[PDB]
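Just below is one structure, and these are the notes that go with it.
Where a number appears in this text, it was derived from the coordinates with a stated rule and is not lab data. Neighbour counts are summed over all protein chains in view; Cβ atoms, including those assigned to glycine, are modelled from backbone coordinates with ideal geometry.
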Amino acid sequence: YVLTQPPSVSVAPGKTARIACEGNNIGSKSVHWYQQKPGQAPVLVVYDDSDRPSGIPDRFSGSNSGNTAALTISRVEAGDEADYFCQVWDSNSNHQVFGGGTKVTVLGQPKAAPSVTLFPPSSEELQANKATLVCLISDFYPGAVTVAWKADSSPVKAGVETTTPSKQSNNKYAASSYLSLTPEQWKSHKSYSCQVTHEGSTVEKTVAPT
Amino acid sequence: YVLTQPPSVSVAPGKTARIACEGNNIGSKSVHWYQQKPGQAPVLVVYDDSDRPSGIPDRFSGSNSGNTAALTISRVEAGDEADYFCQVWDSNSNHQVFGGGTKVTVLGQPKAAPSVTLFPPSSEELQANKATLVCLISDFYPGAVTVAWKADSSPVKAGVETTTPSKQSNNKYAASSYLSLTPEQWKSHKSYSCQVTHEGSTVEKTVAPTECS
């Protein structure tokens, strides 16, 4: 048995998204719907065609008849951006069958410039003869930044690592850039700087030894 | 009904991987196992405790005895690297329930436990009436960790965000977790802790408010 979903559905916030799940006489079967965000397990949102489990807002509803079932998401929020899979039991094969999933994109969420917080090496770190600067980059949308570091206005490339942005519980992104140096290097400069570029705008913070 | 899986299992090529799926008398549910690779739908690899769909290698075997179901992958290959989810029927809620998933890494380099560096809010941030702690987690492989925070002795959930690990230029993984507080909150506790779990290993670092330098 084969279940066919559109690979992709786009919806603007507050509007309604429809996720079709096509199968031959799927209306005779019982449809389950799953929401899955990257790195997490699938969460059940609708079951038995149109029932919601506990904690699922009733703007999630389903329908099923003929050759087509559908998940409808009313009043779409950024938090609904995810993969949705329809699942049915198939008596002939004697086990579950999944659709290939639909990635729901919420178009046009508000852009948000990152908050940049630059930390000097910790006391526990310097007393251990180590030093690390961390540039925390949070609350930005969309999820792409560039980071550049300077030591006393001179650019620093070696020793720099920046994580790939990932989505936080508020549906904005976070990343961190960090710079490994020696306690001697740290103290031998007047200041260090972290500059973040987001959507053609730049935010730079500076830190100096106390 | 709750299914508990280990968040990560790692195995060298050609060795055996065991993925547990614990539940209270799970031995009397019928456990299905899914394999999921990045950007793909789940793929059934084992159904009804131990039955294989058509075309799954016999390296994959399921068992389901008492409090423990397990998926065993023998003579592991690189292509086995995936997320694995167990799933049972629970008509005490009357729908399927999933375990939290297990990241299986096929080891391509030495295991490395994470370096954990915990940063307090700077004096400068606190003067601007903000307070953020950052737990920097670096140089680890496989790329999966779980982070837990405490305020004095008390678990903290509010204000915590943790990034998904990402492969850095040295080919090991890094992530960070951060806790947003007010300065008043920060100064009202004697310590905060970040605890990082990496497979079997756990490291906890603590920091304390100080009245300055």
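Would you mind classifying the protein assembly as shown by shape? Square roots of the alpha carbon gyration tensor eigenvalues, ordered a ≥ b ≥ c; an a/c under 1.5 is rounded, otherwise it is prolate if a/b is larger than b/c and oblate if not. In terms of gyration-tensor shape, prolate.
Here the simple spin-label model places points 7 Å from the Cα toward Cβ, and for B:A78 and A:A158 these points are separated by 3.1 nm. Lacking any other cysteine beta-carbon closer than 4.7 Å, the following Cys residues of chain B have no compatible partner: B:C212.
Whole-Hz Karplus values for region A:50-64 come out as 8, 8, 9, x, 5, x, 8, x, 6, 6, 8, 9, x, 9, 7 Hz, taken residue by residue from phi with 6.51 cos²θ - 1.76 cosθ + 1.60 and θ = phi - 60°; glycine and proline positions read x.
Using +1 at the Cβ of each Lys and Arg and -1 at the Cβ of each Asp and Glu in the protein assembly as shown, identify which of B:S153, A:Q36, A:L107 lies farthest towards the dipole's positive end. The Cα lying farthest towards the positive end belongs to A:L107. Reported value for chain A: 162 Å³ per residue, from the convex hull of its C-alpha atoms.
Dipole orientation for chain B: of the candidates B:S166, B:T16, B:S122, B:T16 has the Cα lying most toward the positive pole (charges on Cβ; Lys, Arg +1; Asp, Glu -1). Its Cα centre serving as origin, the protein assembly as shown has a Cβ charge dipole (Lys and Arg +1, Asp and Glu -1) of approximately 580 debye. Normalised by 2.2 N^0.38 Å, where N is the number of residues, the C-alpha radius of gyration of region A:164-210 stands at 1.49. Computed per residue of chain A from DSSP H runs no shorter than four, each worth -39500 (n - 2.57), the mean residue ellipticity at 222 nm is -500 deg cm²/dmol. Counting other Cβ atoms within 10 Å as a rough exposure proxy, the listed residues A:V97, A:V45 run A:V97, A:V45 from fewest neighbours to most. Using bins of 10 Å that start at zero, the share of Cα-Cα pairs per bin across region A:3-106 amounts to 16, 52, 28, 4, 0, in whole %. Going Cα to Cα from A:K15, which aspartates and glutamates come in below 17 Å? Please leave out same-chain ones fewer than 8 positions away. The reachable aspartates and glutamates, counting only those whose Cα sits under 17 Å from A:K15, are A:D58, A:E77, A:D80, A:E81. Estimated at 0.36 nm per residue, the fully extended path between A:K130 and A:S10 surpasses their Cα-Cα distance by 38.4 nm. Restricting attention to region B:115-207, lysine pairs at least eight places apart or on different chains and with alpha-carbon atoms under 30 angstrom apart total 19. Think of each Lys and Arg Cβ as +1 and each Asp and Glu Cβ as -1; about the Cα centre, that makes the dipole of region B:4-129 roughly 360 debye. Exposure proxy for A:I56, A:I137: other Cβ atoms within 10 Å of each Cβ, ordered fewest to most, give A:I56, A:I137.
Decide, for region B:115-207, between rounded, prolate and oblate: order the square roots of the alpha carbon gyration tensor eigenvalues as a ≥ b ≥ c, take rounded if a/c falls under 1.5, and otherwise choose prolate if a/b is larger than b/c, else oblate. Here region B:115-207 falls in the prolate category. When the charge dipole of chain B is built from unit charges on Cβ atoms (+1 for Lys and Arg, -1 for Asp and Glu) and taken about the Cα centre, the candidate among B:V46, B:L181, B:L136 whose Cα reaches farthest toward its positive end is B:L136.
Taken about its Cα centre, chain B carries a charge dipole of roughly 280 debye when the Cβ of each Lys and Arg holds +1 and the Cβ of each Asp and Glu holds -1.
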